[PDB]
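Since the structure comes first, as structure tokens, the remarks are kept for the end.
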Amino acid sequence: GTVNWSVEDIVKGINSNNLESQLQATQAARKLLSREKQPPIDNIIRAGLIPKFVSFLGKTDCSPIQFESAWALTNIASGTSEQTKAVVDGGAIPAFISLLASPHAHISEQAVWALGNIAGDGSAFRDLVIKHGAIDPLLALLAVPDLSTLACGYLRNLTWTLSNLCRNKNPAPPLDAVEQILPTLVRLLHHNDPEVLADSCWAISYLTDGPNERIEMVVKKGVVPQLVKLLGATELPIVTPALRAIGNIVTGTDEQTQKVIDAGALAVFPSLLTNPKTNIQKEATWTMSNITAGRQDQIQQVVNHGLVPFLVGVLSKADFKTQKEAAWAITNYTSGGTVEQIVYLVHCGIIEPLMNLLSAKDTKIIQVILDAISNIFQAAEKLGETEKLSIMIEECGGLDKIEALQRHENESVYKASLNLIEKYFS
Amino acid sequence: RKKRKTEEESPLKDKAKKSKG
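As you go down the protein sequences, you meet chains B and A in turn. Quick note: to get the deposited numbering, add 71 to the position in the first sequence (first position is 1). Quick note: to get the deposited numbering, add 534 to the position in the second sequence (first position is 1).
Printed below as a string of structure tokens:
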């Protein structure tokens, strides 16, 4: 008698002066909003049920209706921004924060879930949730000696919701809120459950996405080693976010980058640069491009770990977007590397795969490659080996493309082309 | 400016919201 009710029947019951009738009707509403597909979220909102639901949240005397309305509001909140807005507009945020203290673990978990959807909408609601004081109660829910004593699903929801409070960049979460949350985050990152680890990595992933001061407060917490370890996980849902975090960290100062190198992250790249999941391969190559954009001694670490042949590998064959990140990694390498290091790169066979990419329909990758060729010749010019390099580029159809790009349209291109042709060739 | 920050952020991003089935 609470299965597949019509919205009007639900309205009929919730409007009666009978708490039990309202309870059945609320549960019926929750079931519509929980059905496999096409939950009537808009119809429920129009019927003006949100205010009734929000008010039921504050009924301590009847915990069951607190749960049902919490679940209904959770699913409405999981919709579009307009739908989530409807829930917030009803005054659900503070009502939910009060439920976090509930003696019924399943009710506060529902509250944790709803707050998760509200904060997940974006910067504005995220910061509004924080202003209503949700962080302390949430963290208090985790203030226990051993995370393993908490129910599996309850922990997964808390972590996920915390990762949403760390999410979004315009603007980034409040600095003081991040500091509050981090210590707990550092602890969840050492929990054995793969979902908890994934969402913890995602959170760190969001916090490291921004200015170097942001990256600093995370690195300062000493998590780089743990992130490197998770980088070698067998579960793709863990490797993906962990790699994104490590990648973000190396977009910062050289010293922040040295932290990932010291933690031994380079030893996992032979695998990542040939990973089956194209995305993991794209992210990894992009990460490499930022490391080769560092100090000569860091470029040298890339060399010692034998990662150059892997870059040659990616540049030679891979998804186009991955190849583009490879180009960058090369142009950066050649731009800050020593003469001896640029020579090594050539000995690894970079010239041919680099020349072949010039046939690509993408003015950006072409400027990047033409650029690298320049840097390479510049190094050869320092050894009187320019001719020898000309041959190689001439031997593998290289010149037959620079001369081509010489008739290109983009000013930056034909110029760079025209130059290389006269300064080292014809 | 050697370092290149994030683009489209495409490990995509975990679903921002979850419906309780």
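Don't be surprised by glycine CBs; every beta carbon is placed ideally from N, CA and C.
Residue 345 of chain B by DSSP, collapsed to three states: which one?
It is coil, neither helix nor strand.
Quick one, which of B/374, B/432, B/430, B/433 has its alpha-carbon nearest residue 416 of chain B's?
The shortest C-alpha separation from residue 416 of chain B is found at B/374.
In chain order, what residues of the same chain have a beta carbon less than 7 Å from the beta carbon of residue 323 of chain B, not counting five sequence neighbours either side?
Here the set comprises 283, 286.
Put residue 320 of chain B into one of helix, strand or coil per three-state DSSP.
Reduced to three states, the DSSP call for residue 320 of chain B is helix.
For chain A, find out if any of its Cβ atoms is closer than 8 Å to the Cβ of residue 222 of chain B; answer yes or no.
Not closer than 8 Å to any Cβ of chain A, the Cβ of residue 222 of chain B fails to qualify, so no.
So, for residue 152 of chain B: in the same chain, excluding its five sequence neighbours on each side, which residues have a beta-carbon less than 8 Å away from its beta-carbon?
Contacts found: 192, 193.
Along the alpha helix (DSSP H) that carries residue 476 of chain B, what are the first and last residues, could you check?
Per DSSP, residue 476 of chain B belongs to the alpha helix (DSSP H) from 470-476.
DSSP three-state call for residue 270 of chain B: helix, strand or coil?
DSSP places residue 270 of chain B in helix when its eight states are reduced to three.
Could you work out which residues of chain A lie near residue 264 of chain B, taking near to mean beta carbons separated by less than 9 Å?
By Cβ distance, chain A contributes nothing, its closest Cβ being about 16 Å from residue 264 of chain B, past 9 Å.
Look at the alpha carbon of residue 121 of chain B and the alpha carbon of residue 181 of chain B, and state the distance between them as a whole number of angstroms.
Using only the alpha carbons, I get a separation of about 16 Å.
Report yes if the C-beta distance between residue 326 of chain B and residue 288 of chain B is below 8 Å; otherwise report no.
Their beta carbons are not under 8 Å apart, which means residue 326 of chain B does not touch residue 288 of chain B by this criterion.
Please return the same chain residues whose Cβ sits closer than 6 Å to the Cβ of residue 96 of chain B, not counting the five positions on each side in sequence.
The residues are 81, 84, 85.
Tell me the rounded alpha-carbon separation between residue 335 of chain B and residue 440 of chain B.
One C-alpha to the other measures close to 30 Å.
Residues of the segment 253-280 of chain B in Cβ contact with chain A at a cutoff of 9 Å, in chain order, please.
Within the segment 253-280 of chain B, the qualifying residues are 269, 270, 273, 276, 277, 280.
Taking 8 Å as the CB-CB limit, is residue 153 of chain B close to chain A?
Output row for residue 153 of chain B: interface = no.
Would residue 317 of chain B and residue 294 of chain B be called neighbours here (beta carbons separated by less than 8 Å)?
Contact: no.
So which residues of chain A does residue 360 of chain B contact, with C-beta pairs closer than 8 Å?
Here the neighbours are 538.
Decide if the segment 448-461 of chain B is in contact with the segment 538-549 of chain A; the criterion is three or more beta carbon pairs, one per stretch, under 8 Å apart.
With the cut-off at 8 Å, the segment 448-461 of chain B and the segment 538-549 of chain A do not touch.
Along chain A, which residues have their Cβ under 8 Å away from the Cβ of residue 184 of chain B?
Ordered by position in chain A, the residues that pass the 8 Å Cβ test against residue 184 of chain B are 552, 554.
Residues of chain A with CB under 7 Å from residue 105 of chain B, in chain order?
Per Cβ cutoff of 7 Å: 554, 555.
Residues of chain A with CB closer than 9 Å to the CB of residue 350 of chain B, please, in chain order.
Ordered by position in chain A, the residues that pass the 9 Å Cβ test against residue 350 of chain B are 544, 545, 546.
Tell me whether the beta-carbon of residue 98 of chain B lies closer than 8 Å to the beta-carbon of residue 131 of chain B.
No, these two residues do not count as a Cβ contact at 8 Å.
Using a Cβ cut-off of 8 Å (strictly closer), state whether residue 149 of chain B contacts chain A.
Residue 149 of chain B counts as touching chain A.
Do the segment 435-451 of chain B and the segment 401-419 of chain B make contact, defined as three or more Cβ pairs closer than 8 Å?
As far as the Cβ criterion goes, the segment 435-451 of chain B touches the segment 401-419 of chain B, which means the pair count is three or higher.
Under three-state DSSP, which class holds residue 424 of chain B?
In this structure, residue 424 of chain B counts as helix in the three-state DSSP scheme.
Note down, in chain order, all residues in the segment 299-312 of chain B with a beta-carbon under 8 Å from any beta-carbon belonging to chain C.
This model lacks chain C altogether, as its protein chains are B and A.
Could you check if residue 146 of chain B is buried or exposed, using at least 16 other CB atoms within 10 Å of its CB as the buried criterion?
Its Cβ being crowded by 16 or more others within 10 Å, residue 146 of chain B is buried.
Using CA coordinates, which residue listed in B/497, B/265, B/266 is at the minimum distance from residue 457 of chain B?
When each option's Cα is compared against that of residue 457 of chain B, the closest is B/497.
Can the beta-carbon of residue 409 of chain B be found less than 8 Å from the beta-carbon of residue 367 of chain B?
Taking 8 Å as the Cβ cut-off, residue 409 of chain B and residue 367 of chain B qualify as a contacting pair.
Taking 8 Å as the threshold (beta carbon to beta carbon), is residue 191 of chain B in contact with chain A?
It does: the Cβ of residue 191 of chain B has a partner Cβ on chain A nearer than 8 Å.
Comparing C-alpha positions only, which one of B/125, B/157, B/94, B/212 sits nearest to residue 114 of chain B?
Closest by alpha carbon: B/157.
Applying a beta-carbon distance threshold of less than 9 Å, which residues of chain A neighbour residue 205 of chain B?
Within chain A, no residue comes near residue 205 of chain B; the closest Cβ sits about 17 Å away, beyond 9 Å.
Check whether the Cβ of residue 364 of chain B lies closer than 8 Å to any Cβ atom in chain A.
It does: the Cβ of residue 364 of chain B has a partner Cβ on chain A nearer than 8 Å.
Excluding the 5 residues preceding and the 5 following residue 123 of chain B in the sequence, name in chain order all residues of the same chain whose CB lies nearer than 6 Å to its CB.
So the qualifying residues of the chain are 85.
Taking residue 78 of chain B and residue 118 of chain B to be in contact with their CB atoms under 8 Å, please state how far apart those CB atoms are, rounded to whole angstroms.
Indeed, because the Cβ distance is near 6 Å, the residues count as touching under 8 Å.
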